[PDB]
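One chain is shown next in structure tokens, namely the form deposited without shikimate-3-phosphate (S3P).
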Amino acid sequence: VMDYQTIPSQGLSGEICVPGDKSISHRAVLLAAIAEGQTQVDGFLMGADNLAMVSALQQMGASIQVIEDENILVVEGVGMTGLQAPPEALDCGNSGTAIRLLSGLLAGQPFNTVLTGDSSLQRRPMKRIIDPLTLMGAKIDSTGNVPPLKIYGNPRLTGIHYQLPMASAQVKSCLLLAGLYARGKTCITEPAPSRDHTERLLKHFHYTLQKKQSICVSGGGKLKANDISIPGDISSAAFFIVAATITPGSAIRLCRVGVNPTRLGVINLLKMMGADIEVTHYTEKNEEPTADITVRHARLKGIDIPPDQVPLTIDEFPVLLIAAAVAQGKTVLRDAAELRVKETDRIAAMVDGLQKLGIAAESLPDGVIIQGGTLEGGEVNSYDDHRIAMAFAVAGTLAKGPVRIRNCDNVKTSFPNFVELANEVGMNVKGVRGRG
């Protein structure tokens, strides 16, 4: 078992490219697997979650060559009906995304599948997908609406018109995938817009989409192979953006980062707090916009986080709360109860760690109240959550003393080369032997 140990930073500098987007990587390889023809995937995130998605597809006879050192996949698609019944339960590891997407993919197959994963994954809520999939005629056994899930494939799924009562957590993507195999059209309508990585990829693979506040697909179409280049993960960049923001003497450039508007919340909010962040060299390679992000040290003020930014920033709140901890004044986060049902309860985790580092932090059922202050050295627990681990690694840049973050083995689920890149820009992090 291993921990991260930090010492304060004298300032970040240089230019780095963060690894590929986790969310786009999952969808890219899944769609490529069932496409017709050969898809080359560049920038695939070679992390534990995305490789679990790869292994899972391979158990069902996807043809995927992994070239790990180059972040490349070469996928020979097996076509829409080309998958084969896997012999054992599919282990999604730590990956909520993989299990929810596979559920959509597998609901309409002519075979049965069991989906499971690690302890954390077996606590992630699935009611949100089970219910709509069932409306389409899926049959999914589960206890307490958490994995493991047993899917009894139904090749005669029916399109539904569904209005999700919540900015989807892969619910839209899940139903869209099921929609490809359903008879008729499947229409998903949502209160507020959410991530659209799936829609962009469906278009990329030439599957017809329509189109106003809702989105529809009709089943029985074909996915057509089309090479894809995956942008840097802005959720991964977020750690360095906060680090360069709060560490005096810092100036860095993050190259080739995805800047999808539905993912830009951390930038939007930091700027509101007074951050110094410039987006340049904006380009549009296939489907996903990417840009370079230049960050310089800046003093921050606490803010009331606007409710409309919450969906745009949900995954960056761990590291954003570090910025709040060192800002001048109070920060209030509301409407973010979804933080409690992630890999760990992220509100409880962040509040626990912040208090251990000398920050006045207070939990709400749907968020947190932070009084900006001074980070001390100390020791915190990652709660096995990659973003909690990395958030406190970022805390270490400004903490008065060393920060020990226990149990960081799961950082590689989303950011395999985190330690290397951190030390490269001047964020001091070392992996050391942990306990237990």
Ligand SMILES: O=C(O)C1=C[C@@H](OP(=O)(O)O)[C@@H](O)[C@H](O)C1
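Note that residue numbering begins at 1 and tracks the sequence as displayed.
One more form of this protein exists, namely the form solved in complex with shikimate-3-phosphate (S3P); it is left out here, but the text below deals with it.
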message: Using the site C-alpha superposition to carry shikimate-3-phosphate (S3P) over in the deposited bound form, what's the verdict for this chain: open, or blocked with 3+ ligand atoms inside 2.4 Å of backbone or C-beta?
response: blocked
task: Look at the stretches 71 to 79, 334 to 342, 301 to 309, 279 to 287 and give the one with heavy atoms within 4.5 Å of shikimate-3-phosphate (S3P) in the deposited bound form.
output: 334 to 342
- prompt: Of these, 250, 113, 97, 186, which has a heavy atom no more than 4.5 Å from shikimate-3-phosphate (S3P) in the deposited bound form?
  reply: 97
field: Contact residue in the deposited bound form, chosen from 234, 105, 169, 136 - any heavy atom within 4.5 Å of shikimate-3-phosphate (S3P)
entry: 169
query: Would residue 195 sit within 4.5 Å of shikimate-3-phosphate (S3P) in the deposited bound form, counting heavy atoms only?
result: yes
Contact of residue 296 with shikimate-3-phosphate (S3P) in the deposited bound form (heavy atom, 4.5 Å): no
- prompt: For residue 128, is any heavy atom within 4.5 Å of shikimate-3-phosphate (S3P) in the deposited bound form, or not?
  reply: yes
- request: Although shikimate-3-phosphate (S3P) is absent from this view, report whether residue 23 comes within 4.5 Å of it in the deposited bound form, heavy atoms only.
  value: yes
message: Under the 4.5 Å heavy atom criterion, name the residues of 299 to 336 that approach shikimate-3-phosphate (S3P) in the deposited bound form, in sequence order.
response: 314, 315
